[PDB]
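In structure tokens, one chain follows: the form deposited without the DNA.
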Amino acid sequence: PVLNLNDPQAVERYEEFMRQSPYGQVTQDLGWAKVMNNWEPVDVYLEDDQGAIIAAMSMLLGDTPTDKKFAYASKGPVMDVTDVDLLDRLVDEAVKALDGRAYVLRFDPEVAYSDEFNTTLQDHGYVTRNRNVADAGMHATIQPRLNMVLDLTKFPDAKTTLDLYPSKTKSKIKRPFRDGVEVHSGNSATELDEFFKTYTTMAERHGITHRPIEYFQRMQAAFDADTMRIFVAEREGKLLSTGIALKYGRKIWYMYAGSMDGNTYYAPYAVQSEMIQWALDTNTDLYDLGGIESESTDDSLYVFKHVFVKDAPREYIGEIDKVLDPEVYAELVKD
């Protein structure tokens, strides 16, 4: 069925399923629609014979150069997507709710790529975008398919971040702290401003645009201090670097960062160490450091993130598209 966002009780059940699901994703939580307040929310779900929710999908509709909308369920749906018969059922509900207004329904779940899975999806009528598309550009995928994920369940005895790494890396992580760097965290307006100052500075230094502060304020208003947390690194009164991490489902996700120009005393390493500590203290299964463009020392994102994740980067299935309007799809989507 389709979720009535005006029914507190219905909404409560939807959230309770999302928050308790091992497949939960913050970008599938109802709070995400509040962050993306410029998009239109349309959410659906399936129930079992007991009337209990077994699958859900939070979609957001965006405008395009055409009379059709772009329906996107970021990192959804919430369920075991390899169970394609169930997926088809959930999708059919989504399709019904979209009511012909969208030219496509796209979802990019965090499930490993495999020829077997890719083939099944294609056999079921879906159009997939992964190893067959451009690694970048407006034709690339919305979310990076390659991601540096730290699997903490491999270290059941880990008490502190250092316990996860070899001596050489322990050295790199100890450096900033040994040099006076200190990190405090929370989710207050004060910490958001601190983040914003480093965020805009880093953006200017990199010649890129930055999201407005209101974006993060909506995020702060949507998620409590146990879900969203900002880490601020400083040295003797000098703001150095920051990072924003979200804890949801089976992982804590390093989503945004900022760092001042000049000498930063490896403050970014300190931020990472504290985010990882938060994962450990909360018994979280995974710490996700985000995407990379390529697994090579030529990728600076890979270089930084490889310090904390020595395992191979995870490669997801990519974008799964349920083509609704063929003509428009071919116009707006190409390899």
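Start at 1 with the first residue shown and count on from there.
What comes next is about the form deposited with the DNA bound, which is not displayed.
Engineer: At 4.5 Å between heavy atoms, only one of the stretches 111-119, 185-193, 226-234, 205-213 reaches the DNA in the entry with it bound; which one is it?
Structural biologist: The contacting stretch here is 205-213.
Engineer: Check for me whether the DNA, as it appears in the entry with it bound, comes within 4.5 angstroms of all of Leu30, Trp39 and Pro41 - heavy atoms only.
Structural biologist: No.
Engineer: Given that the partner is absent here, does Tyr254 sit within 4.5 Å of the DNA in the entry with it bound, heavy atoms only?
Structural biologist: Yes - in the entry with it bound, heavy atoms of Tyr254 and the DNA come within 4.5 Å of each other.
Engineer: Flag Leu301 as yes or no: does it have a non-hydrogen atom within 4.5 angstroms of any non-hydrogen atom of the DNA in the entry with it bound?
Structural biologist: Judged by the heavy-atom cut-off of 4.5 Å, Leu301 is in contact with the DNA in the entry with it bound.
Engineer: Does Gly258 reach the DNA in the entry with it bound, with heavy atoms at most 4.5 Å apart?
Structural biologist: Contact check for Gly258: yes, within 4.5 Å of the DNA in the entry with it bound.
Engineer: Evaluate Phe70 for contact with the DNA in the entry with it bound, applying a 4.5 angstroms cut-off between non-hydrogen atoms, and reply yes or no.
Structural biologist: Close contact is absent here: in the entry with it bound, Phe70 is far from the DNA, nothing within 4.5 Å, heavy atoms only.
Engineer: In the entry with it bound, which residues of 177-195 put a heavy atom within 4.5 Å of the DNA?
Structural biologist: Heavy-atom contacts within 4.5 Å come from no residue here.
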